[PDB]
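Results of the structural survey
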Amino acid sequence: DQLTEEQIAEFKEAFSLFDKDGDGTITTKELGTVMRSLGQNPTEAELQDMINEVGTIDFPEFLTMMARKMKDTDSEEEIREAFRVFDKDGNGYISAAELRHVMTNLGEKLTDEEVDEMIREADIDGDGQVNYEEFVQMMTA
Amino acid sequence: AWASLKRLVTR
Ligand SMILES: [Ca+2]
Ligand SMILES: [Ca+2]
């Protein structure tokens, strides 16, 4: 429906990682990076459309973009797109290394053991990595 | 452990 307080906090934390002087803006060239850190997988066309619909993007504009993407993208597609971003090398599995980088790029400071525990919770077939359906199982709850 | 990733999508 709309973004929760905890989603807003998480989006602000990711945005702020590219707002180096704290002035509430990122550059238009940084928008894609911030979106990908949040599990969005925008095409070049999608990014340029969002940029044109508003050389900087301020946080209220960004948050409005994110609220619309969250509400209007099909839920199954949202999961597919997030898996595609997080699976950095596209081999069909999120490795522990890839997942550590995802959590770091959100702005979190998880230990390596905490990320291993994320993997173990999701890993149903025991291969130590997270495939697409294992991700769906986590992300549908 | 997965709450921050789950928040990235809707159900
Ligand atoms: Ca991979
Ligand atoms: Ca697995």
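A short tour of the structure in this document, coming up.

Quick word on the side chain of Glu 78 of chain A
- As for its position among the elements, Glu 78 of chain A is in helix α5 (residues 75-86).
- Separated by 2.8 Å, the side chain of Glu 78 of chain A and the backbone nitrogen of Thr 10 of chain B make a polar contact.
- Among residues more than four places away in sequence, those in contact with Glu 78 of chain A are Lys 69, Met 70 and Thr 73 of chain A together with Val 9 and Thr 10 of chain B.

Quick look at the interface of chain A and chain B
- Taken together, the 23 residues of chain A in the interface contact 10 residues of chain B.
- Sorting the residues of the side of chain A that touches chain B by element identifies α1 (5-16), α5, α6 (96-106), α7 (112-122) and α8 (132-140) of chain A as the ones contributing at least two each.
- The residue inventory of the side of chain A that touches chain B, partitioned by class, reads 15 nonpolar, three polar and five charged.

Some details on the side chain of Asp 87 of chain A
All names here are of chain A.
- Take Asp 87: it is sitting in the loop between α5 and β3 (93-94).
- The buried charged residue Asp 87 lacks any salt bridge partner; its closest oppositely charged side chain belongs to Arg 84, at an N-O distance of 8.7 Å.
- Those residues in contact with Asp 87, other than ones at most four positions away along the chain, are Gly 92, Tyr 93, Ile 94 and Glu 98.

Brief notes about the coordination of the calcium ion (ligand 1)
All names here are of chain A.
- Surrounding the calcium ion (ligand 1) are the protein donor atoms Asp 87 (OD), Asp 89 (OD), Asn 91 (OD1), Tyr 93 (O), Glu 98 (OE) and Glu 98 (OE), at 2.2 to 2.6 Å.
- The coordination sphere of the calcium ion (ligand 1) comprises six donor atoms, whose angles at the metal cover 52 to 155 degrees; the geometry is irregular.
- Along the chain, the residues donating to the calcium ion (ligand 1) fall in the pattern D-x1-D-x1-N-x1-Y-x4-E.
- Given the relative accessible area of 43%, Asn 91 is considered partly exposed.

Re a negative patch on the surface
Residue and element names in this part refer to chain A.
- A surface patch of like charges, here negative, comprises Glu 44, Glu 46, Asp 49 and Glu 53.
- Note that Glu 44 resides in helix α3 (residues 44-52).
- On the basis of relative accessible area, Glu 44 is assigned to the exposed category, the value being 61%.

Considering the packing of aromatic side chains
- Across all of its chains, the model carries seven aromatic pairs over all chains by this definition.
- Seen from their ring centres, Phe 59 of chain A and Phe 62 of chain A are 6.1 Å apart, and the 35 degrees between their planes marks the pair as tilted. Residue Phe 59 of chain A and its partner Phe 62 of chain A are both found in helix α4 (residues 59-72); the two are separated by three residues, about one turn of the helix.
- An aromatic cluster is built from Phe 83, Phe 86, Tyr 132 and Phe 135 of chain A together with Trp 2 of chain B, whose rings are joined through pairwise contacts.

Details of the packing of α5 of chain A against α8 of chain A
All names here are of chain A.
- Their axes nearest at 10 Å, the elements α5 and α8 cross at an angle of 125 degrees. Classified by the interaxial angle, the pair formed by α5 and α8 is oblique. For the pair α5 and α8, the sense of crossing is right-handed. Every residue of α8 that contacts α5 at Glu 76, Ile 79, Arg 80, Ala 82, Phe 83 and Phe 86 is listed here: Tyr 132, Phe 135, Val 136, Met 139 and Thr 140.

Re α6 of chain A
- For α6 of chain A, the full list of buried residues reads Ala 96, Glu 98, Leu 99, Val 102, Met 103 and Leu 106 of chain A. Along the long axis of α6 of chain A, the arc covered by the buried residues comes to 160 degrees, so they all point the same way.
- In this structure, the buried residues of α6 of chain A make contact with α1, α2 (31-37), α5, β3 and α7 of chain A together with α1 (3-6) of chain B.
- Phi turns positive one or two residues past the end of α6 of chain A, at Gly 107 of chain A, with a value near 105 degrees.

The rules behind these values
Residues numbered from 1 in each chain as written, not as in the entry; some residues may be left out. Chains lettered and ligands numbered in written order. Heavy atoms only, no water. Residues with missing side-chain atoms left out of burial classes, pairs and counts. Helix = DSSP H or I, 4+ residues; strand = E, 2+ residues; numbered from the N terminus. Polar contact = N/O pair within 3.5 Å; in protein donor to acceptor, adjacent residues only side chain to side chain. Contact = heavy atoms within 4.5 Å. Nonpolar A, V, L, I, M, F, W, Y, C, P; charged D, E, K, R; others polar. Buried < 20%, exposed > 50% of the residue type's maximum accessible area, 1.4 Å probe, protein only. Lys, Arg positive; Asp, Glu negative; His and termini not counted. Salt bridge = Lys/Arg side-chain N within 4 Å of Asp/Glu carboxyl O. Donors = N, O, S within 2.8 Å, 3.2 Å for Na, K, Ca; no water. Tetrahedral: all angles 85-135°; square planar, octahedral: opposite > 155°, others 65-115°. Patch = residues over 30% accessible without salt bridge, like charges linked within 9 Å, V, L, I, M, F, W, Y side chains within 5 Å. Areas by Shrake-Rupley, 256 points an atom, 1.4 Å probe, with all protein chains shown as cover. Charge placed at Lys NZ, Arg CZ, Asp CG, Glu CD. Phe/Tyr/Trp six-rings, centres within 6.5 Å; stacked < 30°, edge-to-face > 60°. Axes fitted to C-alpha atoms, helices over the stretch in contact; angles between N-to-C directions. Parallel < 35°, antiparallel > 145°, perpendicular 65-115°, else oblique. Left-handed = near helix turned anticlockwise from the far one by under 90°. Arc of directions from axis to C-beta.

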